[PDB]
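What follows is the residue order along each chain.
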Amino acid sequence: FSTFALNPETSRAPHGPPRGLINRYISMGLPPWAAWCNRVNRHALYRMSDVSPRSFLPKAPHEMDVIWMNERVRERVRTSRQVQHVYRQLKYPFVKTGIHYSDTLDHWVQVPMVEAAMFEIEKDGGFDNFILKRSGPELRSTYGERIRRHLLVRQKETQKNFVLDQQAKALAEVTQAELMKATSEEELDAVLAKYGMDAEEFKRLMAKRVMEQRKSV
Amino acid sequence: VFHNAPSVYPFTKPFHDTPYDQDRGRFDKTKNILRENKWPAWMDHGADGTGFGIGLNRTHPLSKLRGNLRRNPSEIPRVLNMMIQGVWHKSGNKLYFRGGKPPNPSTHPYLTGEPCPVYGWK
Amino acid sequence: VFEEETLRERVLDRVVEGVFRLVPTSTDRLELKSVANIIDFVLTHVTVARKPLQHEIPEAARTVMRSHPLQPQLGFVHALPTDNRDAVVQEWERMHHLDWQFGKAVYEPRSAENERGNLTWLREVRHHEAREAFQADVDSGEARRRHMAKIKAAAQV
Amino acid sequence: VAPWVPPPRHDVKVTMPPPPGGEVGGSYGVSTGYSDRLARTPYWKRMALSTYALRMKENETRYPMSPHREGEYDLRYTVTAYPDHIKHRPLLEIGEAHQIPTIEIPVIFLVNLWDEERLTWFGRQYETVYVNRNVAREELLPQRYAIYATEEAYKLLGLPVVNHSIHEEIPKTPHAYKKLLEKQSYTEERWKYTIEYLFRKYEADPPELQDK
Amino acid sequence: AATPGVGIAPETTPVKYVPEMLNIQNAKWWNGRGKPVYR
Amino acid sequence: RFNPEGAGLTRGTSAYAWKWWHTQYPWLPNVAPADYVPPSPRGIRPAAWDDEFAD
Amino acid sequence: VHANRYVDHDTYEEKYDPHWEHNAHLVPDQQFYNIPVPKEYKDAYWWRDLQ
Amino acid sequence: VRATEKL
Amino acid sequence: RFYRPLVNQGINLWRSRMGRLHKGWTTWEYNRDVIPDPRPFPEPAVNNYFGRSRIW
Amino acid sequence: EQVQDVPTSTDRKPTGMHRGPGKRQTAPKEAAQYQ
Amino acid sequence: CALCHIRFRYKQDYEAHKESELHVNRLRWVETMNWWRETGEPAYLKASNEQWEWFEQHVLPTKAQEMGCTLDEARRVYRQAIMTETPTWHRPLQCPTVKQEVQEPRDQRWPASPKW
Amino acid sequence: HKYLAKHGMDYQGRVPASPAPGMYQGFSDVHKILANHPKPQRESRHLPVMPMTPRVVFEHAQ
Amino acid sequence: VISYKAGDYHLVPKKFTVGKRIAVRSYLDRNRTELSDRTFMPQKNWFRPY
Amino acid sequence: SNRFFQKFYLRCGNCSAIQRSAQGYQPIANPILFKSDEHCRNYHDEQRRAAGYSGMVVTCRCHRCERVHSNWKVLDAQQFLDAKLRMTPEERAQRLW
RNA sequence: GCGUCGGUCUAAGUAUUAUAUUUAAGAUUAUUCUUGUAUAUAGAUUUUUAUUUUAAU
Ligand SMILES: [Zn+2]
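Residues numbered from 1 in each chain as written, not as in the entry; some residues may be left out. Chains lettered and ligands numbered in written order. Part of a larger assembly, values for the part shown. Heavy atoms only, no water.

Listed as the method for this PDB entry is cryo-EM; the listed resolution is 3.9 Å.

The PDB entry lists chain N under the name mL97, from Leishmania major. For this entry, the PDB record gives the title as "Leishmania Major mitochondrial ribosome".

Looking at the PDB entry, one finds chain A named bL28m, with Leishmania major as its source organism.

Draft legend 1. The interface of chain D and chain N, seen in detail. Listed as interface residues are 24 residues of chain D and, on the opposing side, 20 residues of chain N. Together chain D and chain N conceal approximately 1900 Å² of surface at their shared face, both sides included; 46% is due to carbon and sulfur atoms. When the buried surface of chain D facing chain N is broken down by residue, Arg 89, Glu 168 and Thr 187 of chain D rank first, second and third, together holding 24% of it. Summed over the shared surface of chain D and chain N, the result is one salt bridge. Sorting elements by how many residues they give to the side of chain D that touches chain N places helix 6 (residues 174-187) of chain D first, with four residues. When its residues are assigned to classes, the side of chain D that touches chain N shows seven nonpolar, seven polar and 10 charged. (Contact = heavy atoms within 4.5 Å. Buried area = accessible area lost by both parts, 1.4 Å probe. Salt bridge = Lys/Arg side-chain N within 4 Å of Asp/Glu carboxyl O. Helix = DSSP H or I, 4+ residues; strand = E, 2+ residues; numbered from the N terminus. Nonpolar A, V, L, I, M, F, W, Y, C, P; charged D, E, K, R; others polar.)

Draft legend 2. Fine view of the UniProt feature "binding site: Zn(2+)" (unreviewed entry) in chain N. All names here are of chain N. UniProt tags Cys 12, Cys 15, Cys 62 and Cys 65 as "binding site: Zn(2+)" (unreviewed entry). Across 54 residues of sequence, these annotated residues stay compact in space, with a maximum C-alpha separation of 9.3 Å. Among the secondary structure elements, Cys 12 is positioned in the loop between strand 1 (6-11) and strand 2 (18-23). Judged by its relative accessible area of 3%, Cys 12 falls in the buried class. What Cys 12 contacts, discounting residues up to four positions off in sequence, is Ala 17, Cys 65, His 69, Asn 71 and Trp 72. Note on placement: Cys 62 falls in the loop between helix 1 (36-50) and strand 3 (73-75). On the basis of relative accessibility, which here comes to 1%, the residue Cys 62 falls in the buried class. Residue contacts for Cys 62: discarding those within four places in its chain leaves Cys 15, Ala 17, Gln 19, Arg 67, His 69 and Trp 72. (UniProt positions renumbered as here; feature names shortened; annotations may be inferred. Buried < 20%, exposed > 50% of the residue type's maximum accessible area, 1.4 Å probe, protein only.)

Draft legend 3. Spatial organisation of the protein's contact with RNA strand O. In the vicinity of RNA strand O lie 19 residues, with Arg 19, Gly 20 and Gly 22 of chain J, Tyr 10 of chain K together with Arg 32 of chain M positioned nearest. When the atoms of RNA strand O within 4 Å of the protein are sorted by group, sugar and phosphate make up 53%. Separating a phosphate oxygen of RNA strand O from a side-chain N or O atom of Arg 19 of chain J is a distance of 2.8 Å. One of the backbone N or O atoms of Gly 20 of chain J is found 2.8 Å from a phosphate oxygen in RNA strand O. Grouping the constituent residues of the surface near RNA strand O by class yields seven nonpolar, three polar and nine charged. (Near = heavy atom within 4 Å. Polar contact = N/O pair within 3.5 Å; in protein donor to acceptor, adjacent residues only side chain to side chain.)

Draft legend 4. Representation of the coordination of the zinc ion within the structure. Residue and element names in this part refer to chain N. Coordination of the zinc ion by the protein involves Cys 12 (SG), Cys 15 (SG), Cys 62 (SG) and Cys 65 (SG), with metal-donor separations of 2.4 to 2.6 Å. Given four donor atoms and angles of 89 to 149 degrees at the metal, the environment of the zinc ion is assigned as irregular. Within one chain, the residues serving as donors to the zinc ion are arranged as C-x2-C-x46-C-x2-C. On the accessibility criterion, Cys 65 (22% relative accessible area) is partly exposed. (Donors = N, O, S within 2.8 Å, 3.2 Å for Na, K, Ca; no water. Tetrahedral: all angles 85-135°; square planar, octahedral: opposite > 155°, others 65-115°.)

Draft legend 5. Quick look at the interface of chain C and chain A. On the chain A side, the residues contacting the 38 residues of chain C number 38 residues. Between chain C and chain A, the buried area comes to about 3700 Å², and carbon and sulfur atoms account for 60% of it. Viewed at the interface, chain A and chain C are joined by two salt bridges. In this structure, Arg 154 of chain A and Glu 113 of chain C form a salt bridge, with 2.7 Å as the shortest nitrogen-oxygen distance. Linking chain C with chain A are 19 residue pairs in polar contact, by the criterion used here. Ranked by the residues each element gives to the side of chain C that touches chain A, the list is headed by helix 6 (residues 119-140) of chain C, at seven residues. Considered class by class, the residues forming the side of chain C that touches chain A number 21 nonpolar, 10 polar and seven charged.

Draft legend 6. Examining a negative patch on the surface more closely. Residue and element names in this part refer to chain C. On the surface, a cluster of negative charge is contributed by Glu 5, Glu 9, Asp 13 and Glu 17. Within the secondary structure, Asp 13 sits in helix 1 (residues 5-19). For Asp 13, a relative accessible area of 51% gives the class exposed. (Patch = residues over 30% accessible without salt bridge, like charges linked within 9 Å, V, L, I, M, F, W, Y side chains within 5 Å. Areas by Shrake-Rupley, 256 points an atom, 1.4 Å probe, with all protein chains shown as cover. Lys, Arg positive; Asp, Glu negative; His and termini not counted. Charge placed at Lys NZ, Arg CZ, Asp CG, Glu CD.)

Draft legend 7. Geometry of the packing of aromatic side chains. Within this structure, the stated rule accounts for 41 aromatic pairs over all chains. With a centroid separation of 6.0 Å and 55 degrees between ring planes, the pair formed by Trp 30 of chain E and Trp 25 of chain I is classed as tilted. For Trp 30 of chain E, a relative accessible area of 21% corresponds to the partly exposed category. When its relative accessible area of 48% is taken as the criterion, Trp 25 of chain I is described as partly exposed. In this structure, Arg 24 of chain A is placed above the aromatic ring of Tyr 25 of chain A, and the distance from its NZ or CZ to the ring centre is 5.0 Å. Looking at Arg 133 of chain D, its charged tip hangs above the ring of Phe 119 of chain A, at a distance of 4.7 Å from the centre. (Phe/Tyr/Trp six-rings, centres within 6.5 Å; stacked < 30°, edge-to-face > 60°. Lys NZ or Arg CZ within 6 Å of the ring centre and 35° of its normal.)

Draft legend 8. Region of interest: the sheet that holds strand 4 (residues 146-148) of chain D. All names here are of chain D. Strand order in the open sheet formed by three strands is 3-1-4, and the pairing between neighbours is antiparallel. At either end of the open sheet lies a strand with only one pairing partner, and these are strand 3 (128-132) and strand 4. Taken over all neighbouring pairs, the strand axes of this sheet differ in orientation by 50 degrees on average, direction set aside. For strand 1 (residues 104-109) and strand 4, the ladder comprises three bridges, and the chain directions are antiparallel. Residue pairing for strand 4: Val 107 is matched across the bridge by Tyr 148. Relative to the sheet, helix 4 (residues 133-140) contacts strand 1, strand 3 and strand 4, its axis offset from that of strand 3 by approximately 100 degrees. (Pairing = 2+ DSSP bridges. Axes fitted to C-alpha atoms, helices over the stretch in contact; angles between N-to-C directions.)

Okay, structure coming up:
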């Protein structure tokens, strides 16, 4: 605290250790609400220096459901109106209905999450990634563990449904070397009978494709 | 600690009141469902009108037969009520314990077989 | 409601016996008394008729999927979470669209995947194109060199 | 009863205890790790399996930081082993009003999308647009028109990695946001702040000397 | 018949009134059954 | 106090449903005999429906 | 134990992956010594590893 | 069937 | 130190009127921490009885 | 500033059906819209 | 008056409503919103276009040679994202006042106040 | 209600007592959904036998 | 181009939702006046395949 | 706010030039005419810098690419030595000072 | 406690109904007038009395 109009930033306290009472509690790390304590016992400046927060979880962390990212039900000590009674109360976070679209499982999915999760989802690139880079005891949800499983399947199904495109392109490539000439349409049966990729399915499928050449023009 | 249920605040809280609900505990009353009991039906209510099969049927380890002499903490409240109260069957005759010296379920001879109607025991 | 015998026989010989040439047992003829149930009774005994799809593969294409480098992991279906309990208490919960809700998902086995925006799909199609590029070395032989350059960096030291 | 009590989490090093739990992924609250594999093997054993050049690599003191939880202070040197409360603070402090205003996030459009009401473009293909937080989540992402503009999203698509600092800091007050709009207007849409764009008005004659 | 004494909180905020809110002393050696759970 | 054969009861539950309430067991869903297997696309065609009709 | 198992197209059973057992995280149990699960599915059991 | 559809 | 607080007298006496329900007991005095035993004291688990109604 | 003629109201239907002080008048988010 | 959710109990004010400070102000607001949609917005984001595309053709060519890079690459160094503009999301409207009013002692005191 | 529906008339006769075999088969404690009569029978033709409920046996014991 | 006028998708299908937000249904919104066709029309059945 | 001195080591994202930018002593808003919003958000904000710019966009001008942006990754000074000690003596002239 | 009556309720129960009350059934009748609660109300208070509540010196 200094009184000049324009106090340009500087390395150290320009005018000695900052004077005032509230500067006395900031010089020791406490927050400026220590100025309103009537007793500042060695436990008090421990209690209010936030060494370890007096703040807990509504249900057991092992049995928690709604995704509370990094929150507790912190109690806020209020001082009442005209006659200053001091009372305290437990303030919760705001849980929104998280109705997201996790494109891993190509469908909306709902998990109720605190506002802070609805931000850290978007900071993580998607809803699913926020489920996936968090880990067990960190993402202490239960719904988050039911939707991580579907996320872990419906990912390892994409990877599986990918290698299809590498076992299919292998066939498609290696069979083209036997669809080389249109000499015999009795032979196009035999090459198809070779890879057991029947004609009646393929013929019209290519037909629908040349029609699709006409469906897309 | 009433709210140990699946946290769903804006939706309907399934089961909420039903038999199978959450948020009612584990070792609770209201668990008539769980009427499934390993002990055979006939030994907790007699095979016939006279409450024949009624009793506490200790069983041999090897014997596949299942008896209702449990000692789990959830089952001793009824295993004493057999030894001190006894059963007053709705037919008028007092069952397993009817007089002075209360039985010793753990010194019973082992359950040898379920009762039959035609003979006594299969 | 096809209840009175005169009405059930007037429908059952015509639609389930006549049109479909199905024949219903006695105990099912009891509940087979509505337009809703007539439709289902058929739609079970005709669904139990389609020859079970025969997974028959040729040989010439078979040796392709064997020698092909990239193979499928193919065990994930079990990782899926189980919801086993009394069929009612499990089903009473889905009294409404409690289906996609609260970390559940009606997993219908999917055979093809949308490729647009699908992170986990582009997350590997590049990792694949990073495998075809690394694979190019072993084809030409710059891998063996760049690998034989380590041991000659790690020998004289 | 516990048959096969599990081994400590990160016991993989030959002559120093495993790092404390929580840091490896476990239960916080204890500072000093300990593994009965290490403490039972006599000293010479622990000095047999290791050469001096190695212990100086696992003696290694990463003093304030934690070698495992990258970016956070080692939880055997804090006041108490729990995670750093200060870094992971809930977005609302114990007394403030929730006046976190509407925030617009950047999304990478994936198809040339063309509004039919304003008759102009929500976004070209593969260009990041700042869209609403509840257009993106509810209309742009579920259909495959867009994804988020994260670092790795750029990596997956083929675009030069750009750091939008997506929600790097959320503003808890409108005028605390309307400053963040001024920071983001500079880094992202920088052509607004060129000596050529501050002078479109004047690339030619001051208008009072031109014809009519 | 029973009583939690806490009074059932809203189904949304499951816990109001921890016993600490009243400056209660519940040492295991003082009243016995004390030690709370949010701890 | 229950009435089985009550023409409500959803016809699957007449012993599971004497419990559950007076205000819920009408809604107790239909599930299965718990041994009825899904309709199975097996190949057993009715004894005399035959092909031509089956085809 | 059947997750991530190359089905071989002869016996249609899981091929013996020698790597699998290394990406496997033995989750303990009471009626089983130590059930092995692949690494990716390890966090769903985060409570039993704490019990 | 996928190799079918490419052609 | 933990300074003696003067619970019985002074303000801490009247503070009960000044909106303070729970006047704490001095849990710094008995602070020798060894458990008491409840006045409905339990009798040991040995079956004292030796009548004909002795129960297993 | 020439744009300070903000109409001390707004179209938004007042939440809080019942009645009370502070209804149906401008909000500092709406006052920045018209501005 | 559904516009402002007003049931009228007293006559002779249902008449004087149409020009009441509640109605006439709710008239202006629900109108200027139309103004924005009717003419403004389809022209505002018109000019926002016609200056950018001006830039990326009249200025960015020469600017890309300053980075020593290709022209297409700079359109991601001079516009890392296209922060379009709405009524709901204007950053400020005016650059805050540069010459701030000069502080004084408490109650016009002079030459210095001992109090705050 | 089963004669009226199937015969188009009021029964107009003394109804048989002793409910027919096969009626009230899901009921368990009939005793009210009946007179104090026994649970009628199975749907059989075997000779009538009292289902020895705990009650019937007591009457024997009187 | 891919036209889109907004006011579209609302992710959840238009039945399970209010304007936005999936709506709650809890066997107390429902009447007992449905389910009263059971007095004549019997409930659905699972006919086992022969 | 700020009361205690601390120097960070900010790493740019455009050139990765690890430049250091300190935080001097800026005095508390006056307690004589107290203001509860300006104080309790001065303090809570001070923990967020003291914990290495946790919830803030960092806006300092680079020294290598002379321009002011918001792309800095705040390096804890043992992630900095991880970087500083691991650069050939020439690139220390390029990325460091 | 029945009836009458007042108020509430057409997305949990049938508005000749069920909630929520005041009275007391049966038989005659059930008067005059309003300053406040309630309702309605229009940024709220302040204003404001179809029925109801309480009132009538
Ligand atoms: Zn730089």
